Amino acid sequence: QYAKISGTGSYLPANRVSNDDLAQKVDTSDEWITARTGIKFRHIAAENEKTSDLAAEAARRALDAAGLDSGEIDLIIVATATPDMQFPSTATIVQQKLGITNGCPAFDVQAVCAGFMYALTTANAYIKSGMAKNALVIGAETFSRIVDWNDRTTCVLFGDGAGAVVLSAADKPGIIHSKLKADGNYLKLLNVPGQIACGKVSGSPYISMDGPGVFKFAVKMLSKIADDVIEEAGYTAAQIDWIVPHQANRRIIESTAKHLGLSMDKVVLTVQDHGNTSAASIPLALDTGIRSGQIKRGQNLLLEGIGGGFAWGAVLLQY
């Protein structure tokens, strides 16, 4: 069997925040942020909405885009690093809000920024082994609530959003090949140490990051893994119509595109509008590219990214 993209959808919270707006609350500059990351705007969730709310709306739009009823879904996977609750799963909460009562399996995957690729690959495994026919794969994050807004270095980097994909069984390949990786030795470079223990937060509840280090290894790792997935599938970088990378830093994206010998004209870019949305970033960009007319059916797409762990991956697929 094969897994193909039936539809895509995305949701960004109403409050769109520019660098200048944020410049009021924190000691930063629009020019400084842009030079570092290429980020100009963020979206921050409203007080009353959480990851499940963002995720549900994106899924709703993904379901409409695929012309599918909620009851047709037989698998739900949510990739998030900011679940609604300690437990149960955010996926079950999303399931409930989508009005899905067909009893389909639902669970969260935790791979941080690389979560959607981890969730997408997982759904692909279910479909190929015949365990599911129509899976709902969602990357949804509310990182604004685990950011230290008194830390100018990290708080300007992250945003909120959700991206959803309807992945379905097919005779011909959508997802051609994928490659996931992880190395726990890089924990210290990006993490939120805190946990809920004994009625309180134990450890730091905020994101700790090592920018230079993350930058150093991301460029190194992403170029290698990209080359692997391509040559392993039997392709070359020239047969790739689009790169849909994780949108944390444009400098990193520029570097990777150059290594594959691809023009930035073959790279979907949303980092300037969204910032680092973690697991929601890739499906956000994918939906943005599809909705903007850039991504066309039959085209070969290279999904790619690295996240906290470190965990990283790349997914080659034909839209």
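Numbers for residues come from their place in the sequence shown, where the first is 1.
Engineer: Look up the CA B-factors in the entry and say which stretch, 256-264 or 37-45, has the higher mean.
Structural biologist: Looking at the recorded C-alpha B-factors, 256-264 comes out higher on average.
Engineer: On mean Cα temperature factor in this entry, is 279-287 or 23-31 the higher one?
Structural biologist: The recorded data point to 23-31.
Engineer: For the CA B factor values reported in this entry, which option in 139, 88, 173, 184 has the top one?
Structural biologist: Highest CA B-factor of the listed options: 173.
Engineer: Out of 162, 221, 93, 111, whose C-alpha atom has the biggest B factor in the entry?
Structural biologist: Of the candidates given, the C-alpha B-factor peaks at 221.
Engineer: Ranking every modelled residue in this chain by its Cα temperature factor as given in the entry, which third contains residue 130?
Structural biologist: Its C-alpha B-factor, which the entry lists for residue 130, ranks in the middle third among residues of this chain.
Engineer: Compare the C-alpha B factor of residue 150 with those of the other modelled residues in its chain, then answer lowest, middle or highest third.
Structural biologist: According to the entry, residue 150 has a C-alpha B-factor in the chain's highest third.
Engineer: Would you please rank residue 191 by its C-alpha temperature factor against the other modelled residues of its chain and give the third it falls in: lowest, middle or highest?
Structural biologist: Tercile = lowest for this residue's CA B-factor.
Engineer: Relative to the other modelled residues of the same chain, rank the CA B-factor of residue 199 and answer lowest, middle or highest third.
Structural biologist: According to the entry, residue 199 has a C-alpha B-factor in the chain's highest third.
Engineer: When the deposited Cα B-factors of this chain's modelled residues are ordered and cut into thirds, is residue 300 in the lowest, the middle or the highest one?
Structural biologist: Residue 300: CA B-factor falls in the highest third of its chain.
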